[PDB]
Structure formats: C-alpha cells, structure tokens
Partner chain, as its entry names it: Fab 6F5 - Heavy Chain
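In the form solved without its partner chain, a lone chain appears below as structure tokens.
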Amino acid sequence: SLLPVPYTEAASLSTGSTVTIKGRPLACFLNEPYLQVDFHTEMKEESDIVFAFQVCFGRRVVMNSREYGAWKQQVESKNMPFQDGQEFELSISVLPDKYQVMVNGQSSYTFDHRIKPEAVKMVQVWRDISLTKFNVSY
C-alpha cells in the first residue's frame, strides 16, 4: 500500500534505537506468506546482514546473520503472535546485548548481537507484506 516493498532505508543504530513497522500480510496464513527484515552493513542488498528476521506467517520465525556472504547459525522460534488477516505492529529495539522484537505490544523474539549494531547502515523490509509505516527512532 503506502510504502514501496521491498522497502530500503539507510539507518544508524545503537543501544536505545527502535525500528517500528506497521504492515499486513498479502495472503492468508494458509498460503504461508513471508515477512523479512534485514539489518545490513552497507546500502547494497548483497552486503552482510547483522540480523535477519524472517516470519513464515502461521508457521515459524527464523533468525540469522550473513557474515562475509555466508549465512551463519540459524535460530528458529514457533512463537506466532501474528494474527491471520490482520495488520501487525512490529518493533525491533536495540538493547545492550541483543535485539528485542515486540509484536502488537508483546515481547516475542530476542536475538543476541553477533556484530555490534553500530555496524548497521541500512534496513530492508520485504517479502509478502504491504507496508504502511517504517520509523527509526533517532
């Protein structure tokens, strides 16, 4: 809808930064749409990813990093606070030791920093969603 998808925005992050996203899946959960949010070290899409957050709606979440072009140790969660057919509000906050992922106001996932968040230069939001809000607290 309102924002282009894939959505790419330059960004700087440190402890206390929050990335807030509002959007809606493009398909019912039965069709397993995805959402992905990638925290990149450079503006190019092929650059390393300090934190990749990938939702398969109704099924699972996987998180990982891509370092020197290589995907690293995948982490999986079956927590699924997202609601079929509904708009969601997603908040990713930078804590001292990890990212905190809030969904609709509830803590839902965490991911320990593998690389300092100060390495981030770009955030990309893509896959099977419409996007109405993207904000980085500065």
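Numbering follows the first chain given and starts at 1.
Q.
Please compare 33-41 with 81-89 and name the stretch with the higher mean C-alpha B-factor in the deposited structure.
A. It is 81-89 that shows the higher mean C-alpha B-factor.
Q: Name the higher of the two by mean Cα B-factor in the PDB entry, 47-55 versus 101-109.
A: The stretch with the larger mean CA B-factor is 101-109.
Q. When the modelled residues of the chain are sorted by Cα temperature factor, does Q124 land in the lowest, middle or highest third?
A. For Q124, whose C-alpha B-factor we compare with every modelled residue in the chain, the answer is the lowest third.
Unshown form deposited with its partner chain bound; subsequent notes refer to it.
Q | Any non-hydrogen atom of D48 within 4.5 angstroms of its partner chain in the deposited complex | A | It does: once its partner chain is placed as it appears in the deposited complex, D48 has a heavy atom within 4.5 Å of it.
Q) Heavy atom to heavy atom, is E89 within 4.5 Å of its partner chain in the deposited complex? A) Result no; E89 lies far from its partner chain in the deposited complex.
Q) Which residues, if any, of 107-136 lie within 4.5 Å of its partner chain in the deposited complex when only heavy atoms count? A) Contacting residues: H113, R114, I115, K116, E118, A119.
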